[PDB]
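First, one chain by itself in structure tokens, the form deposited in one PDB entry.
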């Protein structure tokens, strides 16, 4: 048996939102300390990686390991029906054919439950090693969205350059041309607004805008996003959850 209950259904919706647009079928591997879910883009360009620990749930129980392979387009249509402020409880038995999603509001005395047919996903193992990066930075995730959403109009590629106190984004296409420079800064009154940069080595990297358009969809999960960049390895984008994260690994062109 598995019982994983979110205080706010919304949390789970937004988790599925960072995923559904760039991968369709994902296994969710539940065990005693919580859930990880990890998927590749088809084209092997984008790896997505979720961790939700026990502490993220209102109440959680998983005595024996289960894999919940579920279609995110389907899952997402069921999640659409929940009030975004409801209780969400996931329930699945020992060897599951199905998952049960149960929206509950103890205030209004309203209860709803939906059933989602699990499927056999059979994905490639993902070997995600822990690395050292040339540069590390954080900023409000919504500042990151706005830059990505704006420059994306102009080019399929966005170039990111990091130099001593400079984070530079550039997009150059057929119609137009964009350039944004942000500087690390400490915000006395509002530290959540700060841009932090830690640079061991300058970096200069190009990424497909389409993939950055996918990653910025993790934004609703966290005020801030952490970007780790390196000349040899894929870049890493991370949105911290209360007791977990959503990570994207992206390869430069």
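Numbering follows the first chain given and starts at 1.
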Would you mind comparing 181 to 189 and 65 to 73 for me and telling me which has the higher average C-alpha temperature factor in the entry?
-> 65 to 73
Given the B-factors recorded for C-alpha atoms, which segment has the greater mean, 53 to 61 or 202 to 210?
-> 53 to 61
Name the one of 134, 174, 156, 120 with the greatest CA B-factor according to the PDB entry.
-> 120
Checking the entry, which one of 162, 139, 148, 78 has the top C-alpha B factor?
-> 78
Assigned third (lowest, middle, highest) for the C-alpha B factor of residue 230 | middle
Determine, from the deposited record, the chain-internal third of the Cα B-factor for residue 124: lowest, middle or highest.
-> middle
Just say lowest, middle or highest third for the CA B-factor of residue 16 relative to the other modelled residues in its chain.
-> middle
Please place residue 236 in the lowest, middle or highest third of its chain by C-alpha B factor as given in the entry.
-> lowest
Within-chain third of residue 220 by Cα B-factor, per the entry | middle
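Omitted from view is the form deposited with a partner chain bound, to which the following refers.
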Name the residue from 68, 47, 216, 35 that puts a heavy atom within 4.5 Å of the partner chain in the entry with it bound.
-> 47
Is there a heavy atom of residue 234 lying 4.5 Å or less from a heavy atom of the partner chain in the entry with it bound?
-> yes
